[PDB]
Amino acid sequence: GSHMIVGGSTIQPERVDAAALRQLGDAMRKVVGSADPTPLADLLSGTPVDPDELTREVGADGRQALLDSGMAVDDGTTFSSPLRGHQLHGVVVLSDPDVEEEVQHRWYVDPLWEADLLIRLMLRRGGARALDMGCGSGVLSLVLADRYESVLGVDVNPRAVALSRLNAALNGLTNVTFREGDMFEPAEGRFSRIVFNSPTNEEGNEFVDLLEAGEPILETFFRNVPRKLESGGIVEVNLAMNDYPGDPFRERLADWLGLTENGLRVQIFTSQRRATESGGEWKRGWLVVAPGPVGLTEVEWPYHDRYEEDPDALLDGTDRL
């Protein structure tokens, strides 16, 4: 048909018993991320697999649970999966494979481009109630679930809600809730923790799709953050920022947050930057709202480079700062 097919597959965990899902999840903990792929690990890496082999490893029920949830598809001979398995930070996560923009369905889910990294940037603290805006595959929500009494994930992509729910089910996590909706609209009450791996990269002000929504989505997030955040609470945001001549991002951010009016402390840790036509600058960085002296600070923290060199060096970094 048309070429934008990756990310349109039907995902339906509610079609399977939660016990079957937690068993499949247990099979996945054994083999996903381990070299010399078993049948199940190779299925979750995108290779066609004989169901005979797959059956010996997860059972006949496990084999049906893969088909009924949509984790696998029966060609005729073999089984294939439209998703990819990951195992990190104590959790097992499925998501779409990493592929080029041009073959991305409008419901394509973040293939975990920065999730492992952002999880290492996250303050290791815990508390009452966490929110994960744009939760995608649910990966950030599943991690936070370990140190928060409850976690709410929100995404406007109904495929990502289904996938998030599947992944929670695979890990047998019971304190995680996902809702479909537009930004804060289904997030009732306040939160002691808010995390946002934002849909922003090189699109500037332009809305391109659900993964690159333009600066307007950041303005909405940050304008509404003060009424969503508990006193003493913590916001963390992965984002792309654009500085234009006489028009720096950090100032637009201050207005959105009502920085002085709300008494907020905001630090931006900038990791990558490149000059643009307009004479201004593109940045990628990590923004944290946390308690302390009212104001906005910006530092250079090349955490993308230090990640390539030694990932565990990033643990408790924002705490040290």
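The first residue of the shown sequence is 1; numbering continues from there.
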Please work out which of 5-13 and 305-313 has the higher mean CA B-factor as recorded in the PDB entry.
305-313
Do the C-alpha atoms of 49-57 or of 249-257 have the higher average B factor in the entry?
49-57
Options 96, 114, 102, 74 - largest CA temperature factor per the record
74
Residue 134, C-alpha B-factor rank within chain (lowest, middle or highest third):
lowest
Tell me, lowest, middle or highest third: where does the Cα B factor of residue 164 rank within its chain?
lowest
Using the B-factor values recorded in the entry, state whether the Cα atom of residue 285 falls in the lowest, middle or highest third among the modelled residues of its chain.
lowest
By the record's CA B-factor, is residue 65 among the lowest, middle or highest third of residues in the chain?
highest
Ranked by Cα temperature factor within the chain, is residue 27 in the lowest third, the middle third or the highest third?
highest
